[PDB]
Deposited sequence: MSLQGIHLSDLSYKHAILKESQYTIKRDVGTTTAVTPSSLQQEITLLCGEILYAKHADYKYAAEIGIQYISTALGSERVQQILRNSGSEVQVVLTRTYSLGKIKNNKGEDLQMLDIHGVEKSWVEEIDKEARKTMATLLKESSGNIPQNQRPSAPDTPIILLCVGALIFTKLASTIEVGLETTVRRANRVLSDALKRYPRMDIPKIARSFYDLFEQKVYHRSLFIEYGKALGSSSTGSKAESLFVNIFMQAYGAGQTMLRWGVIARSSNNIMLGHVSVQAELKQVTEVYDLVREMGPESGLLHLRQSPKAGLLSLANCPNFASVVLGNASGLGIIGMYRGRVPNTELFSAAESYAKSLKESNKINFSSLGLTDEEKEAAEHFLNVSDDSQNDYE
């Protein structure tokens, strides 16, 4: 009885982490970066996307990534993409005639977005009294962070479906980015958000670049109010892909009686093993599903189904479940759990 122990999940994690062989992916592909000396240039484009109405927003995500490249530096971004498991060579961007030339992003798109911005600015200046503030202009230094805030909104909804991600991005951007939607009325959150989702699907090393930018920005001593907003949304993205662990600790806090069930008590050992694996991985365990790290799925609580049923029932009783489409394996446990959770929530008690 005492000596019959397995510790399967610790062995699996040790098997995965202890490889001395590294696999090279994206071996023949080249991405684009913009050197920090061109920050002031890419601050213009990142704004000329916002304050005008464009037919196409296809490469707006790449433009935000170019701003991230300028913020970190071309050499540091190359190192970030090389330490991210991708053998992607990096191409520098060139200013020509001034305008920008970015690898991959066609120059027709750049010249079109610039021309639309110029025409809109002329229309808004001629018909007005020549009075446009500093924060209503594409030159403003917080426009790239506004684009990256749309990107960070779509970043949180990366473990979800594209349609759900776009819906949530639009809803949360009409609130979070209310000031920007006052200063730049013509910015199209659906299309910019869909561009960011497309980028984060096609280029997975750019998830790592985005995460490094979030780290660097949060480590900064000072920042504008847009950078603080970006960091807040980025931290809202932290636990993405592992809401079941969060609702499990929530079920423990709620003291759900059906956690004492026979099946839940039978599965608590493997549950604690999953949580111990989370602790053993450490601070990077939250970014596993964001990075699309193959090591994720070691943190799934799927093989313990009755604990998951009880946890989803507790969440439903608390009303927290929302529209979470996760499967409920056993329905009886789920129903009893939500009954008790609602009964506890309704009653007001003092300890």
query: Parts of the chain sequence, as deposited, that carry no C-alpha coordinates in this structure; finding: 1 to 2, 100 to 111, 366 to 394
